[PDB]
Protein chains: 2
Amino acid sequence: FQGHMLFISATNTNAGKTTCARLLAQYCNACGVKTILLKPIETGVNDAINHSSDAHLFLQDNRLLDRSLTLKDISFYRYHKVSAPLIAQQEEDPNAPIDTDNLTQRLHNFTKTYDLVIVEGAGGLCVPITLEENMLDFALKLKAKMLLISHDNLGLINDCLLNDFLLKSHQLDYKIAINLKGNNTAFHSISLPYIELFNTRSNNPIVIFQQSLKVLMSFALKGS
Amino acid sequence: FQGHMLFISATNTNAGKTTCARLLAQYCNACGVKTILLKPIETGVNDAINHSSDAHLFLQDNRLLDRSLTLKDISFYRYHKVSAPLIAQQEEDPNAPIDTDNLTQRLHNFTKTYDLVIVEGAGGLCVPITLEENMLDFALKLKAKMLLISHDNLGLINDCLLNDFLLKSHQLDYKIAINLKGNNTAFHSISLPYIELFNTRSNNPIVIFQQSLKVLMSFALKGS
Ligand SMILES: Nc1ncnc2c1ncn2[C@@H]1O[C@H](COP(=O)(O)OP(=O)(O)O)[C@@H](O)[C@H]1O
Ligand SMILES: Nc1ncnc2c1ncn2[C@@H]1O[C@H](COP(=O)(O)OP(=O)(O)O)[C@@H](O)[C@H]1O
Ligand SMILES: NCCCCCCCC(=O)O
Ligand SMILES: NCCCCCCCC(=O)O
Ligand SMILES: [Mg+2]
Ligand SMILES: [Mg+2]
Ligand SMILES: [Mg+2]
Ligand SMILES: [Mg+2]
């Protein structure tokens with residue numbers, strides 16, 4: 001096949017998509033699985049004055065494989081407003097709705113030259129891109145596998161299960177992974193006992209990202 | 001009919017269930033709609049040393065209608081662990097799984113003596129109560145209407161829409177209401193523009209709690 005494609009979404013913004021995407025791509029590249037990081041849509045950015053956006057971090061890592069990459073090669077719709085993409089676009093660029101057909105072509109083109117194309121979304125699954133399409137719809141159009149990153153705090157059970165319900169209702173292969181931060185041992189006492197019960201009762205278990213680099217690489221590469 | 005029953009859930013813990021439940025019950029009582037506040041299951045409490053739990057706040061308000069009420073009349077399963085009810089029960093009371101049939105009877109009994117019975121859940125919809133039942137399942141068994149309180153911060157769009165998807169997939173009447181806090185005007189710039197678009201495109205609109213006391217009272221009392 002051409003390169004595999006893995007979409008990274010989350011329970012919400014700030015859950016750890018960027019952090020976990022970078023860790024996974026680093027691991028894959030270290031294993032000889034040539035992997036690129038893409039951030040097709042990004043809000044809340046000012047590129048004239050700040051070089052620490054998700055796309056900038058991705059670019060730093062990606063340039064270890066291709067010096068010629070620039071920001072515009074890996075991020076295509078970028079807005080100042082710290083909001084959902086649809087709202088940012090309507091306010092800042094009302095004459096250019098986000099074109100997911102175009103994005104699909106650009107993203108799939110990278111499957112020629114990489115073993116794995118990692119595509120970070122923005123916010124969570126239901127975040128609107130166009131009037132018709134949210135982030136999940138975009139992932140579906142891409143025919144990507146899904147990695148959904150959860151936060152590690154009280155409330156993650158609800159947030160994971162809401163996403164599980166939405167994901168299992170659609171036709172895609174997915175995995176939910178908890179981004180367990182350094183210094184959090186409340187997790188193991190408070191939330192983990194339910195994750196373990198859930199996993200004994202589910203065909204698709206919720207995993208801990210930091211325990212799962214090998215498993216998630218395998219997931220990302222399996223099948224067609 | 002006997003009194004109506006309204007379940008109050010949320011996007012997650014700390015979104016405003018208790019605060020909004022109290023405001024709604026106060027409004028209803030002021031309008032002559034005799035309303036009780038119940039917190040059947042509560043975690044994270046130590047009643048020997050703290051009298052500020054949701055059930056204690058409810059009790060204060062409820063005693064304006066019935067001096068004889070005590071905590072045990074309005075809250076039935078109470079645990080120290082700051083966790084989902086299922087985990088707290090398994091750790092603190094392994095021989096007494098939460099009995100939702102019993103809770104249903106106790107809650108419905110209040111429909112004899114009140115025009116409206118408001119039942120606050122714990123956390124969000126997918127929070128586990130027993131191995132088989134979550135908070136939504138409990139609300140379904142109760143045959144209550146649902147009021148789902150959302151937080152007012154960046155990310156509410158995703159959280160509201162995840163809940164909308166779950167709720168619309170089940171057989172219950174529901175309303176999602178945003179708990180818009182004092183001093184937040186970012187909401188109106190960041191999130192509200194999408195809520196307005198969504199509402200023009202949806203048969204069941206997302207409302208702002210603080211704008212909606214009359215509407216939510218009407219909702220709670222309508223029909224059988
Ligand atoms: N495992 C982690 N350990 C420490 N800090 C983390 C971890 N995961 C995320 N962070 C921090 O949390 C913030 C949000 O993470 P980020 O990966 O950007 O999330 P998202 O892409 O979902 O918005 C960042 O400041 C990031 O450095
Ligand atoms: N509209 C509001 N204005 C100010 N403070 C609020 C508001 N809503 C909630 N709070 C505060 O936020 C915290 C969580 O609210 P609470 O109603 O207890 O939520 P939940 O019942 O969902 O856990 C409390 O400290 C509460 O006083
Ligand atoms: N204030 C105590 C609330 C307990 C919240 C439980 C949340 C479980 C979850 O969804 O992870
Ligand atoms: N860091 C900028 C992220 C933008 C997050 C948009 C979240 C929309 C929502 O679900 O309410
Ligand atoms: Mg972010
Ligand atoms: Mg990110
Ligand atoms: Mg609370
Ligand atoms: Mg509460």
# chains A, B, ... in the order shown; residues from 1 in each chain; ligands from 1
call {"tool": "interface_residues", "arguments": {"of": "chain A", "to": "chain B", "cutoff": "7 Å", "atoms": "only C-alpha atoms", "output": "PDB file with N, CA, C and O atoms, in the first residue's frame"}}
result
ATOM      1  N   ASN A  12     -10.663  16.719  24.096  1.00  0.00           N
ATOM      2  CA  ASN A  12     -10.855  18.128  23.891  1.00  0.00           C
ATOM      3  C   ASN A  12      -9.480  18.752  23.635  1.00  0.00           C
ATOM      4  O   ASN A  12      -8.450  18.069  23.591  1.00  0.00           O
ATOM      5  N   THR A  13      -9.484  20.052  23.406  1.00  0.00           N
ATOM      6  CA  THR A  13      -8.251  20.785  23.296  1.00  0.00           C
ATOM      7  C   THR A  13      -7.461  20.649  24.606  1.00  0.00           C
ATOM      8  O   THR A  13      -8.025  20.483  25.690  1.00  0.00           O
ATOM      9  N   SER A  83     -10.533  29.550  18.592  1.00  0.00           N
ATOM     10  CA  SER A  83     -11.905  29.079  18.424  1.00  0.00           C
ATOM     11  C   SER A  83     -11.956  27.863  17.552  1.00  0.00           C
ATOM     12  O   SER A  83     -10.946  27.430  16.995  1.00  0.00           O
ATOM     13  N   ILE A  87     -15.694  28.889  12.925  1.00  0.00           N
ATOM     14  CA  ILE A  87     -15.921  30.287  13.369  1.00  0.00           C
ATOM     15  C   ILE A  87     -14.768  31.173  12.973  1.00  0.00           C
ATOM     16  O   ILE A  87     -14.950  32.301  12.493  1.00  0.00           O
ATOM     17  N   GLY A 124     -11.590  18.409  19.745  1.00  0.00           N
ATOM     18  CA  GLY A 124     -12.151  17.081  19.712  1.00  0.00           C
ATOM     19  C   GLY A 124     -12.864  16.710  18.415  1.00  0.00           C
ATOM     20  O   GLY A 124     -12.723  17.367  17.376  1.00  0.00           O
ATOM     21  N   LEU A 125     -13.619  15.618  18.476  1.00  0.00           N
ATOM     22  CA  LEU A 125     -14.228  15.016  17.290  1.00  0.00           C
ATOM     23  C   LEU A 125     -15.315  15.842  16.660  1.00  0.00           C
ATOM     24  O   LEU A 125     -15.505  15.808  15.438  1.00  0.00           O
ATOM     25  N   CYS A 126     -16.105  16.512  17.493  1.00  0.00           N
ATOM     26  CA  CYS A 126     -17.287  17.214  17.013  1.00  0.00           C
ATOM     27  C   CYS A 126     -17.009  18.671  16.674  1.00  0.00           C
ATOM     28  O   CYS A 126     -17.936  19.416  16.374  1.00  0.00           O
ATOM     29  N   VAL A 127     -15.754  19.064  16.698  1.00  0.00           N
ATOM     30  CA  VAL A 127     -15.367  20.433  16.363  1.00  0.00           C
ATOM     31  C   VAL A 127     -15.703  20.740  14.919  1.00  0.00           C
ATOM     32  O   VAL A 127     -15.279  20.009  14.009  1.00  0.00           O
ATOM     33  N   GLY A 155     -12.952  12.718  35.673  1.00  0.00           N
ATOM     34  CA  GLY A 155     -13.826  13.002  34.571  1.00  0.00           C
ATOM     35  C   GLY A 155     -13.496  12.315  33.265  1.00  0.00           C
ATOM     36  O   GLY A 155     -14.282  12.339  32.310  1.00  0.00           O
ATOM     37  N   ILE A 157     -13.411   9.241  32.581  1.00  0.00           N
ATOM     38  CA  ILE A 157     -14.245   8.113  32.250  1.00  0.00           C
ATOM     39  C   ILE A 157     -15.408   8.560  31.374  1.00  0.00           C
ATOM     40  O   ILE A 157     -15.632   8.030  30.273  1.00  0.00           O
ATOM     41  N   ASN A 158     -16.090   9.594  31.823  1.00  0.00           N
ATOM     42  CA  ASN A 158     -17.175  10.114  31.037  1.00  0.00           C
ATOM     43  C   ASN A 158     -16.694  10.533  29.643  1.00  0.00           C
ATOM     44  O   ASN A 158     -17.339  10.285  28.618  1.00  0.00           O
ATOM     45  N   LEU A 161     -15.852   7.640  27.388  1.00  0.00           N
ATOM     46  CA  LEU A 161     -17.024   6.827  27.016  1.00  0.00           C
ATOM     47  C   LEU A 161     -17.935   7.558  26.024  1.00  0.00           C
ATOM     48  O   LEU A 161     -18.500   6.937  25.139  1.00  0.00           O
ATOM     49  N   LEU A 162     -18.022   8.882  26.152  1.00  0.00           N
ATOM     50  CA  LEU A 162     -18.781   9.661  25.180  1.00  0.00           C
ATOM     51  C   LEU A 162     -18.159   9.503  23.781  1.00  0.00           C
ATOM     52  O   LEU A 162     -18.842   9.350  22.763  1.00  0.00           O
ATOM     53  N   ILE A 190      -7.990   6.473  41.193  1.00  0.00           N
ATOM     54  CA  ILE A 190      -9.290   7.084  40.943  1.00  0.00           C
ATOM     55  C   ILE A 190      -9.968   6.550  39.656  1.00  0.00           C
ATOM     56  O   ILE A 190     -11.148   6.169  39.676  1.00  0.00           O
ATOM     57  N   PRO A 193      -9.083   1.940  38.042  1.00  0.00           N
ATOM     58  CA  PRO A 193      -9.880   0.771  38.357  1.00  0.00           C
ATOM     59  C   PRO A 193     -11.069   0.590  37.384  1.00  0.00           C
ATOM     60  O   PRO A 193     -11.430  -0.515  37.048  1.00  0.00           O
ATOM     61  N   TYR A 194     -11.686   1.657  36.928  1.00  0.00           N
ATOM     62  CA  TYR A 194     -12.746   1.508  35.972  1.00  0.00           C
ATOM     63  C   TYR A 194     -12.233   1.145  34.565  1.00  0.00           C
ATOM     64  O   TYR A 194     -12.846   0.336  33.896  1.00  0.00           O
TER      65      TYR A 194
END
call {"tool": "residues_near_ligand", "arguments": {"ligand": "ligand 1", "cutoff": "8 Å", "atoms": "only C-alpha atoms and all ligand atoms", "output": "list in words"}}
result
residues 9, 10, 12, 13, 14, 15, 16, 17, 18, 19, 20, 21, 54, 120, 122, 123, 149, 179, 180, 181 and 182 of chain A
call {"tool": "atom_distance", "arguments": {"atom1": "CA of residue 169 (chain B)", "atom2": "CA of residue 136 (chain B)"}}
result
11.5 Å
call {"tool": "residues_around", "arguments": {"residues": "region 29-38 of chain A", "least_positions_apart": "3", "cutoff": "8 Å", "atoms": "only C-alpha atoms", "output": "ChimeraX atom specification"}}
result
/A:21-22,25-26,55,58-59,61-62,74-75,107,114-120
call {"tool": "select_by_dssp", "arguments": {"residues": "region 98-128 of chain B", "states": "helix (DSSP H, G or I)", "output": "list in words"}}
result
residues 100, 101, 102, 103, 104, 105, 106, 107, 108, 109, 110, 111 and 112 of chain B
call {"tool": "atom_distance", "arguments": {"atom1": "CA of residue 66 (chain A)", "atom2": "CA of residue 216 (chain A)"}}
result
24.0 Å
call {"tool": "residues_around", "arguments": {"residues": "residue 24 (chain A)", "least_positions_apart": "6", "cutoff": "9 Å", "atoms": "only C-alpha atoms", "output": "ChimeraX atom specification"}}
result
/A:213-214,216-217
call {"tool": "residues_around", "arguments": {"residues": "residue 215 (chain B)", "least_positions_apart": "3", "cutoff": "12 Å", "atoms": "only C-alpha atoms", "output": "VMD selection string"}}
result
chain B and resid 24 27 to 28 147 175 177 205 to 212 218 to 222
call {"tool": "select_by_dssp", "arguments": {"residues": "chain B", "states": "strand (DSSP E or B)", "output": "PDB file with N, CA, C and O atoms, in the first residue's frame"}}
result
ATOM      1  N   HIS B   4     -43.867  15.766  38.017  1.00  0.00           N
ATOM      2  CA  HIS B   4     -42.843  15.597  37.026  1.00  0.00           C
ATOM      3  C   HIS B   4     -41.482  15.377  37.663  1.00  0.00           C
ATOM      4  O   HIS B   4     -41.261  15.747  38.793  1.00  0.00           O
ATOM      5  N   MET B   5     -40.584  14.781  36.895  1.00  0.00           N
ATOM      6  CA  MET B   5     -39.248  14.519  37.365  1.00  0.00           C
ATOM      7  C   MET B   5     -38.252  14.945  36.283  1.00  0.00           C
ATOM      8  O   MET B   5     -38.386  14.592  35.088  1.00  0.00           O
ATOM      9  N   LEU B   6     -37.269  15.732  36.705  1.00  0.00           N
ATOM     10  CA  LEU B   6     -36.200  16.259  35.853  1.00  0.00           C
ATOM     11  C   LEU B   6     -34.863  15.798  36.397  1.00  0.00           C
ATOM     12  O   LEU B   6     -34.495  16.133  37.528  1.00  0.00           O
ATOM     13  N   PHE B   7     -34.128  15.032  35.593  1.00  0.00           N
ATOM     14  CA  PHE B   7     -32.753  14.620  35.919  1.00  0.00           C
ATOM     15  C   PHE B   7     -31.821  15.729  35.446  1.00  0.00           C
ATOM     16  O   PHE B   7     -31.990  16.256  34.338  1.00  0.00           O
ATOM     17  N   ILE B   8     -30.810  16.045  36.265  1.00  0.00           N
ATOM     18  CA  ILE B   8     -29.789  16.996  35.889  1.00  0.00           C
ATOM     19  C   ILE B   8     -28.445  16.296  35.809  1.00  0.00           C
ATOM     20  O   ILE B   8     -27.939  15.763  36.800  1.00  0.00           O
ATOM     21  N   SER B   9     -27.934  16.258  34.588  1.00  0.00           N
ATOM     22  CA  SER B   9     -26.578  15.750  34.317  1.00  0.00           C
ATOM     23  C   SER B   9     -25.748  16.916  33.761  1.00  0.00           C
ATOM     24  O   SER B   9     -26.164  18.066  33.851  1.00  0.00           O
ATOM     25  N   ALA B  10     -24.560  16.621  33.238  1.00  0.00           N
ATOM     26  CA  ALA B  10     -23.673  17.640  32.793  1.00  0.00           C
ATOM     27  C   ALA B  10     -22.673  17.078  31.798  1.00  0.00           C
ATOM     28  O   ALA B  10     -22.493  15.859  31.682  1.00  0.00           O
ATOM     29  N   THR B  35     -41.209  22.326  44.414  1.00  0.00           N
ATOM     30  CA  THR B  35     -40.083  21.600  43.814  1.00  0.00           C
ATOM     31  C   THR B  35     -39.083  21.173  44.890  1.00  0.00           C
ATOM     32  O   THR B  35     -38.676  22.002  45.726  1.00  0.00           O
ATOM     33  N   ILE B  36     -38.689  19.904  44.838  1.00  0.00           N
ATOM     34  CA  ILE B  36     -37.692  19.322  45.703  1.00  0.00           C
ATOM     35  C   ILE B  36     -36.424  19.007  44.921  1.00  0.00           C
ATOM     36  O   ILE B  36     -36.507  18.590  43.761  1.00  0.00           O
ATOM     37  N   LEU B  37     -35.284  19.118  45.603  1.00  0.00           N
ATOM     38  CA  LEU B  37     -33.957  18.806  45.075  1.00  0.00           C
ATOM     39  C   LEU B  37     -33.411  17.544  45.733  1.00  0.00           C
ATOM     40  O   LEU B  37     -33.255  17.502  46.957  1.00  0.00           O
ATOM     41  N   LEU B  38     -33.072  16.533  44.931  1.00  0.00           N
ATOM     42  CA  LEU B  38     -32.537  15.253  45.387  1.00  0.00           C
ATOM     43  C   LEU B  38     -31.172  15.001  44.788  1.00  0.00           C
ATOM     44  O   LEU B  38     -30.931  15.315  43.621  1.00  0.00           O
ATOM     45  N   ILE B  41     -27.099   9.892  44.755  1.00  0.00           N
ATOM     46  CA  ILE B  41     -25.760   9.311  44.836  1.00  0.00           C
ATOM     47  C   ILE B  41     -24.776  10.460  44.891  1.00  0.00           C
ATOM     48  O   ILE B  41     -24.756  11.342  44.050  1.00  0.00           O
ATOM     49  N   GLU B  42     -23.877  10.438  45.872  1.00  0.00           N
ATOM     50  CA  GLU B  42     -22.844  11.470  45.973  1.00  0.00           C
ATOM     51  C   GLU B  42     -21.535  10.849  46.434  1.00  0.00           C
ATOM     52  O   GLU B  42     -21.501  10.083  47.385  1.00  0.00           O
ATOM     53  N   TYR B  77     -26.897   7.011  48.713  1.00  0.00           N
ATOM     54  CA  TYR B  77     -25.609   6.319  48.589  1.00  0.00           C
ATOM     55  C   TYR B  77     -24.550   7.385  48.603  1.00  0.00           C
ATOM     56  O   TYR B  77     -24.494   8.201  47.658  1.00  0.00           O
ATOM     57  N   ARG B  78     -23.727   7.436  49.639  1.00  0.00           N
ATOM     58  CA  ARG B  78     -22.760   8.463  49.858  1.00  0.00           C
ATOM     59  C   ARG B  78     -21.403   7.844  50.205  1.00  0.00           C
ATOM     60  O   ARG B  78     -21.326   6.948  51.057  1.00  0.00           O
ATOM     61  N   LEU B 116     -42.680  19.079  41.132  1.00  0.00           N
ATOM     62  CA  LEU B 116     -41.468  18.794  40.375  1.00  0.00           C
ATOM     63  C   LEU B 116     -40.420  18.241  41.302  1.00  0.00           C
ATOM     64  O   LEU B 116     -40.160  18.793  42.357  1.00  0.00           O
ATOM     65  N   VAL B 117     -39.835  17.122  40.869  1.00  0.00           N
ATOM     66  CA  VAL B 117     -38.739  16.425  41.559  1.00  0.00           C
ATOM     67  C   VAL B 117     -37.493  16.567  40.680  1.00  0.00           C
ATOM     68  O   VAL B 117     -37.462  16.023  39.581  1.00  0.00           O
ATOM     69  N   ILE B 118     -36.517  17.308  41.179  1.00  0.00           N
ATOM     70  CA  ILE B 118     -35.249  17.501  40.482  1.00  0.00           C
ATOM     71  C   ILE B 118     -34.226  16.546  41.078  1.00  0.00           C
ATOM     72  O   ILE B 118     -34.047  16.521  42.288  1.00  0.00           O
ATOM     73  N   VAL B 119     -33.618  15.736  40.206  1.00  0.00           N
ATOM     74  CA  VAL B 119     -32.691  14.683  40.592  1.00  0.00           C
ATOM     75  C   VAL B 119     -31.343  15.000  39.975  1.00  0.00           C
ATOM     76  O   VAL B 119     -31.168  14.857  38.763  1.00  0.00           O
ATOM     77  N   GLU B 120     -30.354  15.394  40.801  1.00  0.00           N
ATOM     78  CA  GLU B 120     -29.008  15.597  40.288  1.00  0.00           C
ATOM     79  C   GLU B 120     -28.259  14.287  40.243  1.00  0.00           C
ATOM     80  O   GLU B 120     -28.243  13.548  41.239  1.00  0.00           O
ATOM     81  N   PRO B 128     -20.255   5.513  35.636  1.00  0.00           N
ATOM     82  CA  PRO B 128     -20.817   4.206  36.027  1.00  0.00           C
ATOM     83  C   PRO B 128     -21.339   4.213  37.441  1.00  0.00           C
ATOM     84  O   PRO B 128     -20.713   4.720  38.366  1.00  0.00           O
ATOM     85  N   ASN B 134     -25.066   3.196  33.866  1.00  0.00           N
ATOM     86  CA  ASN B 134     -24.504   4.516  34.039  1.00  0.00           C
ATOM     87  C   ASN B 134     -25.594   5.527  34.408  1.00  0.00           C
ATOM     88  O   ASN B 134     -26.777   5.181  34.583  1.00  0.00           O
ATOM     89  N   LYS B 145     -37.359  13.549  32.439  1.00  0.00           N
ATOM     90  CA  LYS B 145     -36.720  14.421  31.418  1.00  0.00           C
ATOM     91  C   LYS B 145     -35.264  14.726  31.830  1.00  0.00           C
ATOM     92  O   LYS B 145     -34.917  14.534  32.973  1.00  0.00           O
ATOM     93  N   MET B 146     -34.486  15.166  30.864  1.00  0.00           N
ATOM     94  CA  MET B 146     -33.064  15.393  31.087  1.00  0.00           C
ATOM     95  C   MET B 146     -32.714  16.853  30.863  1.00  0.00           C
ATOM     96  O   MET B 146     -33.004  17.388  29.782  1.00  0.00           O
ATOM     97  N   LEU B 147     -31.993  17.461  31.800  1.00  0.00           N
ATOM     98  CA  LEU B 147     -31.350  18.743  31.618  1.00  0.00           C
ATOM     99  C   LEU B 147     -29.863  18.482  31.776  1.00  0.00           C
ATOM    100  O   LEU B 147     -29.396  18.048  32.808  1.00  0.00           O
ATOM    101  N   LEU B 148     -29.137  18.756  30.702  1.00  0.00           N
ATOM    102  CA  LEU B 148     -27.704  18.560  30.665  1.00  0.00           C
ATOM    103  C   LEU B 148     -26.997  19.904  30.700  1.00  0.00           C
ATOM    104  O   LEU B 148     -27.100  20.685  29.776  1.00  0.00           O
ATOM    105  N   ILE B 149     -26.294  20.167  31.790  1.00  0.00           N
ATOM    106  CA  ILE B 149     -25.581  21.416  31.978  1.00  0.00           C
ATOM    107  C   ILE B 149     -24.185  21.329  31.387  1.00  0.00           C
ATOM    108  O   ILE B 149     -23.421  20.422  31.699  1.00  0.00           O
ATOM    109  N   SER B 150     -23.850  22.315  30.553  1.00  0.00           N
ATOM    110  CA  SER B 150     -22.520  22.471  30.013  1.00  0.00           C
ATOM    111  C   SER B 150     -21.760  23.561  30.689  1.00  0.00           C
ATOM    112  O   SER B 150     -22.315  24.589  31.087  1.00  0.00           O
ATOM    113  N   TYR B 174     -34.851  15.852  26.254  1.00  0.00           N
ATOM    114  CA  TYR B 174     -33.695  16.468  26.838  1.00  0.00           C
ATOM    115  C   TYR B 174     -33.485  17.897  26.366  1.00  0.00           C
ATOM    116  O   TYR B 174     -33.951  18.290  25.297  1.00  0.00           O
ATOM    117  N   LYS B 175     -32.743  18.649  27.180  1.00  0.00           N
ATOM    118  CA  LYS B 175     -32.306  19.961  26.831  1.00  0.00           C
ATOM    119  C   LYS B 175     -30.861  20.127  27.338  1.00  0.00           C
ATOM    120  O   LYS B 175     -30.558  19.729  28.470  1.00  0.00           O
ATOM    121  N   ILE B 176     -30.019  20.707  26.492  1.00  0.00           N
ATOM    122  CA  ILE B 176     -28.654  21.094  26.859  1.00  0.00           C
ATOM    123  C   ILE B 176     -28.655  22.592  27.144  1.00  0.00           C
ATOM    124  O   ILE B 176     -29.114  23.372  26.290  1.00  0.00           O
ATOM    125  N   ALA B 177     -28.127  22.972  28.310  1.00  0.00           N
ATOM    126  CA  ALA B 177     -28.079  24.373  28.711  1.00  0.00           C
ATOM    127  C   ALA B 177     -26.657  24.712  29.184  1.00  0.00           C
ATOM    128  O   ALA B 177     -26.099  24.030  30.039  1.00  0.00           O
ATOM    129  N   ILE B 178     -26.109  25.799  28.670  1.00  0.00           N
ATOM    130  CA  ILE B 178     -24.805  26.295  29.053  1.00  0.00           C
ATOM    131  C   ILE B 178     -24.907  27.121  30.329  1.00  0.00           C
ATOM    132  O   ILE B 178     -25.711  28.058  30.422  1.00  0.00           O
ATOM    133  N   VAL B 207     -29.396  25.989  24.739  1.00  0.00           N
ATOM    134  CA  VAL B 207     -29.769  27.254  25.341  1.00  0.00           C
ATOM    135  C   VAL B 207     -28.736  27.684  26.368  1.00  0.00           C
ATOM    136  O   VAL B 207     -27.866  26.891  26.738  1.00  0.00           O
ATOM    137  N   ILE B 208     -28.831  28.921  26.840  1.00  0.00           N
ATOM    138  CA  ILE B 208     -28.006  29.425  27.942  1.00  0.00           C
ATOM    139  C   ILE B 208     -28.874  29.325  29.191  1.00  0.00           C
ATOM    140  O   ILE B 208     -29.966  29.878  29.250  1.00  0.00           O
TER     141      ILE B 208
END
call {"tool": "residues_around", "arguments": {"residues": "residue 141 (chain B)", "least_positions_apart": "4", "cutoff": "9 Å", "atoms": "only C-alpha atoms", "output": "ChimeraX atom specification"}}
result
/B:100-101,104,136-137
